[PDB]
Every structure is written in C-alpha cells, then in structure tokens.
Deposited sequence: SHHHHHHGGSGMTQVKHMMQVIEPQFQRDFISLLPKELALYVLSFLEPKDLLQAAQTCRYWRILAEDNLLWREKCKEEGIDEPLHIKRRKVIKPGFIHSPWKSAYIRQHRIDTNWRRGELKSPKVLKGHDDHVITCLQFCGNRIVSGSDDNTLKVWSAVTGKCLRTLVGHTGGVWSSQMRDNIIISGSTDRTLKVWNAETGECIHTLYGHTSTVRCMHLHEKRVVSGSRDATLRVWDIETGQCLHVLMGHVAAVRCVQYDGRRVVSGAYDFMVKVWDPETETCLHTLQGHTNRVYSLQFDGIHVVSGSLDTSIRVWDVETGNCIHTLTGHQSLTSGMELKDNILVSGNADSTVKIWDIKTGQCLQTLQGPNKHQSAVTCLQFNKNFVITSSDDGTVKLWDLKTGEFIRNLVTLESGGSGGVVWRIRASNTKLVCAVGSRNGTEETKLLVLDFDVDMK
C-alpha cells in the first residue's frame, strides 16, 4: 500500500504505456523480472514508474538476493524504500572501494620501532599487538589510542577479541585476558613451557598453541585450564577451534585433530613434507598450508586427505576459507583462489601489477580480495575475474624497507599495520574509510 498511497497523493499524469495501464500488482510482477541495474533505469522514465519501482517488497527481495539482510533508514514528497536505500548504499560502498577517490587515511602512530605482530578489528575498536611487550586499543572512528595494555614482560605474538574481551599471547609463556574498555588484565594464564604462538577463541574458550608442542584450552571467564593437548613433536604454529574439535598445525609436519573434552587426539593428518604454518577449519574440512609449498584439504571426520593443491612455489603464509572458497597468500608474490570442493584453482592473482615481494596477509568477500605485502602495497582485486583493480596503499618506502604486516577489513574500512625493520617507515596503523554519505 506504499504504492497506492503514492498514486493518489502525487496524482501523476495520464500515461499511454503498458505498465501504467496494467493492474498495479501485475506491473510489479513484471518489474520483478528485472535486475537492480534495470529497476534503477526504469525508475527514471516517468513519475508513475518511479513510484512502482520503489515497492518495498521488490527490494527486500533484491537485497535478500545480494545478501543484504537489514533495511537502511534515514531521518512534493516521496516514500522511500528502506530496502532500496539499503541496496544502493552497498553498491555505492562497493564502487567506493573499487574506484573511489582515496581519502588520506587516519595515521595511528604507535609501537615506535617495533613490529605489529597481530591485529584485531571489531566494530569500532582496533587492537594492535607487538614485540614491544604491549597491546594497544584504538578507535577506528577517531584514530585515538584509548588504552595501552601493559602487563606482559615478553613480546606479544598472538591475539583474539570477542567483545571487550581481549586475549593475548607472549614469549613470557603466559596468556592474558583483558578488559578492552578498562585495559585491565583480569586473568594471567600459566601452563605453557614455551612461547605462546597461536590462539583461537570460539566462545567462552580459547585454545592456545605454543612453542612447547602443546595446546591449552582455557576458560575466558574463570581463567582455568580445561585441557592440555599433548602429542606434537615440534612447536605448534597454527590452531583452529570451532567449539567441537581442535585442529592444530605444528613444525613437525603434522596436522592434529583433537576432541578437547577427552584430551584425546582423534586424527594425526600425515602428508606435509615440511612445517605446517597456516590452518583453516570449517567444521567439515581442515585446510593446511605448508612450508612445503602445498596446501592440503582434509576430511575432519575420516582424517582422509581430499585434495592436495599445488602450484604455489614457496611458503603459504596466510589463508582464508569461506563457503568452500579458499584464498592463499604466499612468499612467491602470488595469491590463489581455490574451490576446495573440486580442487580447481579458480584464479591466480598476479599480472603486470602483481606483488613484488611476499604476500603478508589477505582478506576477501564475495567481490574483492584485499592483499598486503612486503612491497609496501595493499592491493584490491576482482575476486570473480581474478583481475587487479588498484593499489589502496602504496608506501613511498615500499622498495626500501617499508612493509605492510597485516590488514583487517570491515564492509567500510580497511586497517593496515605498517612499519619497517630499518627506520624507513615509522610503525603505525593506517585506517582507510570507504563509507558513503547518505
């Protein structure tokens, strides 16, 4: 009835067109066979068509289509569709990343003359972790440091964040729960006989992997140590925890799948001919990436390798998995997109505007892959075509020591951890903002 309302209050002119004379419902039914790019053009033919093409339930569907699940709201006349403004807002954001003028980013100076070893981004809070022994909580909206988490004696190397709870890991073989609001250590977790290297936080439990070859499952609330997973020869490099199984990757070339409650090792995955360094897990598939340049896809329920994906030429550092699409970053300067169902390498992200050194990090979504590198750049790529789009960041020092360690992206901003082993680049975060005004 938002359209009936519109008709009698605007009272458009008489029209001699098929859809103006069709019963209003059958017109919408015809208008529905169109793609949003068409609806947007159709809305500019006449006032009657503009009114018809603002049917809320026609756009609630185009959003559900494109994975837009919430309407947008704002604060003669027009009755705008919130689903339609929601849809446009997103197409504008996408265009902003893709070809929007790059507004100079907020510079977040900190961790002077040290590395940013781990990075978290939740809502409006950024958490940088460093070998300076400290962690720092920032606002993505203001660029101001709000808390410096001092308490660790060795250097921070792992991190996890839910909501105002921060976990940290260090060379001091302790973990630490923190109040992101009050920068207050609430728990110090003891038990690891080596550096606390990786951690993964499911809900009220974090699993930690250590240089001592063990993992420990901890209770974020109480601070207890629920179990200790023992079976790894070499140090434990990467960990994943879905709440039902722990999957771990060790310098001993092995992937281990645990049932934590029983402290039992359910599977030892054998195949990697070198140290496994990176891991993804979706409750069904384990994906491991090795210093042996291969990536393996295993069935968690049988321990069976399903695919061994080859083609990378060096250490697969970071991986991201999402609905059976996998994206891998490697020291070979290349990023690959894979279909872990079929094993096919969908795309190799290289070309004339490829990375010049190793890929340090990546994020992706249904449209884009964001890659960072020691060449001092952050690149944006078309996930669907594999094509280079543009450099979002280009450190002037990229060729002489400038480096991008790590990136986190939201729908509207990109956070970059930047620095250098040699003074060319003051260490800092860059925060890019791709939001649109509406």
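Missing C-alpha coordinates mark the following deposited-sequence intervals, in order: 1-12, 88-93, 457.
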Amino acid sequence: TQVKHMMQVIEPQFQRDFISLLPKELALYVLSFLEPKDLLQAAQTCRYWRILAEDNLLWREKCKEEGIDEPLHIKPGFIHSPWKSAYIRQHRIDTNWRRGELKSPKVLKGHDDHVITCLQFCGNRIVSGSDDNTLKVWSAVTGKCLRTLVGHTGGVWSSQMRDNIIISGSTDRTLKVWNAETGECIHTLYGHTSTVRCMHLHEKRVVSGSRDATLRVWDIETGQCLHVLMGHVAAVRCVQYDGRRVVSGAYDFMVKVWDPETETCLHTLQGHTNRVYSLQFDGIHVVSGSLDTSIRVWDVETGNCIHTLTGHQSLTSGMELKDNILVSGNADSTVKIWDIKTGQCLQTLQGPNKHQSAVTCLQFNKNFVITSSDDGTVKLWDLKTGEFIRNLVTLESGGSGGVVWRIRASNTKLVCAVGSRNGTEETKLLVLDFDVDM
From here on, numbers count along this sequence of modelled residues.
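In this entry, 139-147 has the higher mean Cα B-factor, the comparison being between 360-368 and 139-147.
The stretch with the higher mean CA B factor, choosing between 244-252 and 171-179, is 171-179. Taking only the listed residues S397, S373, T385, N56, the entry reports the highest CA temperature factor at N56.
Remark: of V239, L102, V206, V287, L102 shows the highest value [criterion: C-alpha B-factor in the PDB entry].
In the PDB entry, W338 places in the lowest third of its chain by CA B-factor.
Per the deposited record, the Cα B-factor of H227 falls in the middle third when ranked against the other modelled residues of its chain.
Among the modelled residues of the chain, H202 sits in the middle third by CA temperature factor in this PDB entry. Annotation for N96: CA B-factor lies in the middle third of the chain's modelled residues. Sorting the modelled residues of the chain by their CA temperature factor places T310 in the middle third.
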